[PDB]
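Read the structure below first, then the notes.
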Amino acid sequence: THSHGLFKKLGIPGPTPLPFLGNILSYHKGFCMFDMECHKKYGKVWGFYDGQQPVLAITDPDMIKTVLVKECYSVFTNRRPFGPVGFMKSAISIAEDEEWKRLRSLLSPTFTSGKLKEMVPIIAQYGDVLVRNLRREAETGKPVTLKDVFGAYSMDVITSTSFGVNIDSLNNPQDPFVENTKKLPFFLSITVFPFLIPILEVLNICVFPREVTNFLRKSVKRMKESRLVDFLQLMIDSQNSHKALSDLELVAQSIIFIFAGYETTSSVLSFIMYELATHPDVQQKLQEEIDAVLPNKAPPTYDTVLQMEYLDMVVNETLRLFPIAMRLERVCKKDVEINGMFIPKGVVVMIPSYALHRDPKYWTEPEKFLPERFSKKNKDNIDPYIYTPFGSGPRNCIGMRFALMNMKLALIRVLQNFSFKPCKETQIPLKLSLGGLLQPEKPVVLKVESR
Ligand code: HEM
Ligand SMILES: CC(C)(C)OC(=O)N[C@@H](CS[C@@H](Cc1ccccc1)C(=O)NCc1cccnc1)Cc1ccccc1
């Protein structure tokens, strides 16, 4: 202290920080609003302080490529630490430097296209469960809360695709697994007081509810020794030039994978159904393409999913409006200069995806939901370091091809059987949580009708 003079010295503009808090009072309207304002207020780069932590935002595409791709292993390897995490230190998304690079290698084959194609049948099964649970609510003309029914589905896929466990979480039952995965203001006090993280680490408070972790750690070791197609197997087969995945390291990835796909798959689906209900032509155009590819409600396959181009456009455009990461971040581990700009060690470098995804300077009518932006005609003009819903470079989203496949399979099955219409209780226009997550203020509730 006080690092509140850093950006002023480097000649980088940005809002004036208050003592101790830095700029965090400016988050009262959410991260996203704050990044847009800073983008409009200050232009291509700017700096601010999460408490005493300097954060440098960058928006130039070349400079974003340098940070995410060119200098990843060498400088910008790690995300901003948050804690306390206990043993979750060994999870790929949290691990650092050579330990991370190792975990990436051990888990990357698990997410190939070829392995993903063998998971499609298991992913296809619970699409049927989703429809039947939907129809029970469609035949009873009662508005439906999407996060529930989609979560029930996303939960169904996860437990099976990761552990082989096979539940209808929505109804079926208090089956022992649905629950420790139910625990699926603290993190702000972390920002003003990030000097307390190692305190909680010596106290062993895990941000991961210590009981969940205790359940799965033993739950995993039950599964391991009962077997001795899914992620757990794909990892068990891996630990059979890098030290094999240890037994606790394996448990921690599974947790990463359960969360990774739970609220993301679920919330993105709910974003898509929201837009599709408030844009009936896009819903119809989509159902037409689905029926042409899969006549007679033919079951989707890996190859027919990749065949649907407008399905791809609707997905991409929703992720434009609602990039659930909001920001991409990397810690500067060494004094460096990138694209003619000095960047001191210890600075956090931030890529404001949300702000970039809604920047009029790259997007005509950036608030409108317009899938044609992603037509094979137009998709070529889109700068991949502006549109970055899965990140970029060696630490991009390892689950990208799975998530897209998983969501597309869900949508196809549901649009083959139902049309979705706004209720009087639908929030139009949907508003984002002023909080710290990308979620609607109020949950998306719609009317479901059988075709
Ligand atoms: C719509 C769904 C998803 C979206 C939009 C998404 C987006 C993102 C983004 C933006 C990042 C940071 C990328 C970067 O820093 O360059 C990330 C990281 C990551 N995602 Fe996803 N994600 C999704 C689903 C999933 C799923 C289903 C998994 C399943 C296992 C997964 C596993 C991961 C992991 C492990 C990381 C960190 C990888 C690393 O640091 O080595 N994600 N995701
Ligand atoms: C304090 C706040 C909430 C701001 O930060 C966190 O704690 N969240 C990070 C910790 S990483 C790690 C954290 C996590 C595990 C379980 C529950 C909640 C968080 C993770 O892998 N989650 C998977 C994921 C989510 C989405 C896509 N792909 C993968 C999450 C993350 C990581 C990379 C990109 C975007 C988000």
Side-chain angles (χ1 to χ4, degrees), residues 1-59 64 67 76 78-85 88 93-94 96 185-201 203 205-208 263 267 322-333 343-359 388 391 431-441:
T1 90
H2 247 2
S3 61
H4 289 181
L6 173 62
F7 293 129
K8 159 203 190 311
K9 186 211 77 181
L10 299 175
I12 277 137
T16 299
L18 301 163
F20 298 116
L21 313 193
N23 299 94
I24 60 174
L25 301 191
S26 297
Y27 290 159
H28 65 298
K29 294 187 189 190
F31 302 92
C32 292
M33 306 297 161
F34 172 63
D35 292 344
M36 298 193 63
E37 301 172 355
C38 276
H39 189 13
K40 157 198 169 57
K41 269 185 194 173
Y42 306 101
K44 293 179 179 179
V45 295
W46 65 90
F48 60 96
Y49 299 84
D50 285 335
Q52 308 264 5
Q53 173 63 49
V55 186
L56 177 66
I58 56 147
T59 70
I64 289 169
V67 160
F76 310 102
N78 306 315
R79 288 187 188 91
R80 149 151 53 165
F82 75 122
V85 291
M88 289 291 310
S93 47
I94 300 149
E96 274 189 13
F186 179 56
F187 299 91
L188 275 66
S189 299
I190 288 318
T191 301
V192 190
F193 309 144
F195 46 81
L196 294 177
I197 300 185
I199 286 203
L200 320 164
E201 297 282 30
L203 307 203
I205 314 164
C206 194
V207 291
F208 296 75
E263 198 174 341
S267 301
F322 307 105
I324 53 191
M326 279 158 77
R327 297 159 155 189
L328 313 172
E329 308 197 308
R330 303 280 189 275
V331 172
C332 171
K333 74 166 71 157
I343 292 185
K345 181 168 186 171
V347 161
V348 176
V349 173
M350 187 275 274
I351 295 123
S353 303
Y354 183 95
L356 294 179
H357 286 190
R358 294 164 180 253
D359 185 14
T388 66
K431 301 187 192 288
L432 291 162
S433 160
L434 275 59
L437 299 181
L438 215 49
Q439 74 200 5
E441 207 171 15

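For this chain, numbers begin at 1 and follow the sequence in order. All values below come from the heavy atoms of this structure, side chains included, with hydrogens, waters and symmetry mates left out.
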Exam field: side chain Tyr49 to backbone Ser3, donor-acceptor pair closer than 3.5 Å: yes
Any side-chain heavy-atom pair of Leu56 and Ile343 under 4.5 Å: yes
I want to check something: taking the side chain as every heavy atom from C-beta on, are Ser353 and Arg327 in contact at a cut-off of under 4.5 Å? no
Distance in Å, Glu441 CD paired with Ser433 OG, rounded so as to fall on 0.5 Å steps: 8.0 Å
Test item: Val192 and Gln52 side chains (from C-beta on) under 4.5 Å apart, heavy atoms: no
So how far is it from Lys8 NZ to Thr16 OG1, rounded to the nearest 0.5 Å? 11.0 Å
Shortest non-hydrogen separation from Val331 to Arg80 and the atoms involved: CG2-CA, 3.8 Å
Please lay out, stage by stage, how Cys38 and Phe48 fare under the test side chain to side chain contact (heavy atoms under 4.5 Å, CB included). CA-CA 10 Å; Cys38 276; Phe48 60 96; 5.5 Å; no
Within-4.5 Å side-chain heavy-atom neighbours: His28 and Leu434: no
Can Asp359 and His39 be said to form a side chain to side chain contact (heavy atoms under 4.5 Å, CB included), step by step? CA-CA 9 Å; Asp359 185 14; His39 189 13; 3.2 Å; yes
Distance-minimising heavy-atom pair for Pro323 and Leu438: O-CD2, 3.4 Å
Check whether any side-chain N or O of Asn23 sits under 3.5 Å from a backbone N or O of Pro15 as a donor-acceptor pair, and report yes or no. yes
Do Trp46 and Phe7 have side-chain heavy atoms sitting under 4.5 Å apart? no
Between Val349 and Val347, is any pair of side-chain heavy atoms under 4.5 Å apart? yes
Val45 vs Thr59, test: side chain to side chain contact (heavy atoms under 4.5 Å, CB included). Steps then yes/no. CA-CA 6 Å; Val45 295; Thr59 70; 5.8 Å; no
Mind checking the CG-CD spacing from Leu196 to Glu201? Nearest 0.5 Å is all I need. 12.0 Å
Drop me the distance from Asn78's CG to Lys333's NZ, to the nearest 0.5 angstrom. 5.5 Å
I would like to know whether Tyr354 and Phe322 meet ring pair (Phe, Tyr, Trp, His ring centres under 6.0 Å); could you show each step before the answer? CA-CA 7 Å; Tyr354 183 95; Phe322 307 105; 8.1 Å; no
Could you walk me through whether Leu200 and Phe186 pass the side chain to side chain contact (heavy atoms under 4.5 Å, CB included) check? CA-CA 12 Å; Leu200 320 164; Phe186 179 56; 4.0 Å; yes
From CD (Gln53) to CG (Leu6), nearest 0.5 Å: 10.0 Å
Closest non-hydrogen atom pair between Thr191 and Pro194, with its separation: O-CD, 3.2 Å
So does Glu329 pair up with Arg79, basic N to acidic O under 4.0 Å? no
Measure the spacing between CG of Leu21 and OH of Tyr27 and express it to the nearest 0.5 Å. 12.0 Å
In short, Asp35 meets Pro352 closest at the heavy-atom pair OD2-CB, 3.8 Å
What are the two closest heavy atoms between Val67 and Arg330, and how far apart are they? CG1-CG, 4.4 Å
State, yes or no, whether a side-chain contact exists between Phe20 and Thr1 at a heavy-atom distance under 4.5 Å. no
Quick one: does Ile12's side chain get under 4.5 Å of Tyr42's, heavy atoms only? no
For the student: nearest non-hydrogen atoms of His4 and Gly51, plus distance: NE2-O, 2.8 Å
